[PDB]
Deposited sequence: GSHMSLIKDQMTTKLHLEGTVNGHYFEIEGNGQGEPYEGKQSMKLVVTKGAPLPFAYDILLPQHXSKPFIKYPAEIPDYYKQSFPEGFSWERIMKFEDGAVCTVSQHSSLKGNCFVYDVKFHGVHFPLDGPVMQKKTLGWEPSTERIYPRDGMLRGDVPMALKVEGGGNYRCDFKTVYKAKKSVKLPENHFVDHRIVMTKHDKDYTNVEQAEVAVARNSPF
């Protein structure tokens, strides 16, 4: 049994291959699950320095930290202690594709994250391989039940040098390891920021605010 506390930690291990380059990342974070706020500090422990834009990894580093109104079932918080998995397809407008798969567990007051990240077909002259990205725009994700699990659809946008953007469609499927009450269609408004980085992004800190809601009308 689990009663998620108003303060919880995170621990993350990510294995990635992007444009054939292997890397590993170790994360340690903290947040306020009921407030929809969290931060994480990350270290590239294998494959540094990364030859691609670190920004593509930010949204792969924590679904228990969404502020859910009492009226919308909280699929993520209800899954504990057994937890859940998620899988994501990232379709960039220049033909690049990432696939992501993730397991979320709970050890004491620490959520434990195990991530696989695979990125292919990044154009060598593109914003990702040329490291010309400048963080994600805020987003609104549609969350809805399907096939006894939960899906999330969000059109994402990376800021790029020159002041334009670079679009990526996220399709995510979230799977509880135990029976939980499914919500109805709703939305999550997100904002993810890289708060600090060293020169080659081997050391990064990032934060997210995420709040669930119904349509305003």
Stretches of the deposited sequence lacking C-alpha coordinates, in sequence order, are 1 to 3, 65
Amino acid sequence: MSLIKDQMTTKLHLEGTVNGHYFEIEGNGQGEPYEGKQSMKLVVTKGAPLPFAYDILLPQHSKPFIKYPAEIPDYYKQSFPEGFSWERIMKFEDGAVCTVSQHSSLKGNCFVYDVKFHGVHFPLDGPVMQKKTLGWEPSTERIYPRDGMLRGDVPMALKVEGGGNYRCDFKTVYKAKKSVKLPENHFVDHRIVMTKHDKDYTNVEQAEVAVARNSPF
From here on, numbers count along this sequence of modelled residues.
Can you tell me which stretch has the higher mean Cα B-factor, 156 to 164 or 169 to 177? 156 to 164
Per the PDB entry, maximal CA B factor within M149, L57, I192, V188: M149
Entry record, C-alpha B-factors for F117, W86, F92, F80; the maximum is at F80
Relative to the other modelled residues of the same chain, rank the CA B-factor of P183 and answer lowest, middle or highest third. middle
Hey, what third does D200 fall into on Cα B-factor, ranked over its chain? highest
Name the third of the chain's ranked CA B-factors that contains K41, choosing lowest, middle or highest. middle
Based on the entry's values, in what third of the chain does the Cα temperature factor of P51 lie: lowest, middle or highest? highest
For the chain shown, is the CA B-factor of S104 in the lowest, middle or highest third of its modelled residues? middle
